[PDB]
Amino acid sequence: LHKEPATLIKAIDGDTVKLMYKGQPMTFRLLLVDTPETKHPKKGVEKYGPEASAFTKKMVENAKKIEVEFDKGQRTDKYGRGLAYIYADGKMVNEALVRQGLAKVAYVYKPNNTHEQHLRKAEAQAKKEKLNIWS
């Protein structure tokens, strides 16, 4: 896998950011993580949703460089969203959220699981430290 550059357009929720990618606006869903959301009606705004949302937003808005990294599998979901690992100045946002107890590793669909291990190790640590979602 390789990282490609992108530009922030708007952060939309903990798990979704709109980016300019190869000159087109595109919504990206963050691969392998489930965050409490401020959207959807089966929850609406959930517990730690505003927090997970603020974290994603601050982390991409304050970055110098955003890069996206597609996995080996399909690169869009059924809603037209890009499926990817997103990096703010070198740090993977999906991992940051999980390490902070602000997301859980989602159900995994092979073969889009290259960083699964990496993320699961972060989640175990956030559980052990009892942060946020695990507190």
# chains A, B, ... in the order shown; residues from 1 in each chain; ligands from 1
>>> residues_around(residues="residue A:22", least_positions_apart="5", cutoff="10 Å", atoms="only C-alpha atoms", output="count of residues only")
4
>>> residues_around(residues="residue A:81", least_positions_apart="2", cutoff="10 Å", atoms="only C-alpha atoms", output="count of residues only")
15
>>> residues_around(residues="residue A:3", least_positions_apart="3", cutoff="6 Å", atoms="only C-alpha atoms", output="ChimeraX atom specification")
/A:67-69
>>> select_by_dssp(residues="chain A", states="alpha helix (DSSP H)", output="PyMOL selection string")
chain A and resi 49-61+93-99+116-128
>>> select_by_dssp(residues="chain A", states="strand (DSSP E or B)", output="VMD selection string")
chain A and resid 4 to 13 16 to 21 24 to 30 33 to 34 66 to 70 76 82 to 88 91 to 92 104 to 105
>>> residues_around(residues="residue A:36", least_positions_apart="2", cutoff="6 Å", atoms="only C-alpha atoms", output="PyMOL selection string")
chain A and resi 46+48-49
>>> write_last_selection(atoms="C-alpha atoms", output="PDB file, in the first residue's frame")
ATOM      1  CA  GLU A  46     -24.436   8.747  21.196  1.00  0.00           C
ATOM      2  CA  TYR A  48     -18.673   9.886  23.352  1.00  0.00           C
ATOM      3  CA  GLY A  49     -19.984  10.787  19.878  1.00  0.00           C
TER       4      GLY A  49
END
>>> closest_residue(among="A:117, A:112, A:100, A:62", to="residue A:129", atoms="only C-alpha atoms")
A:100
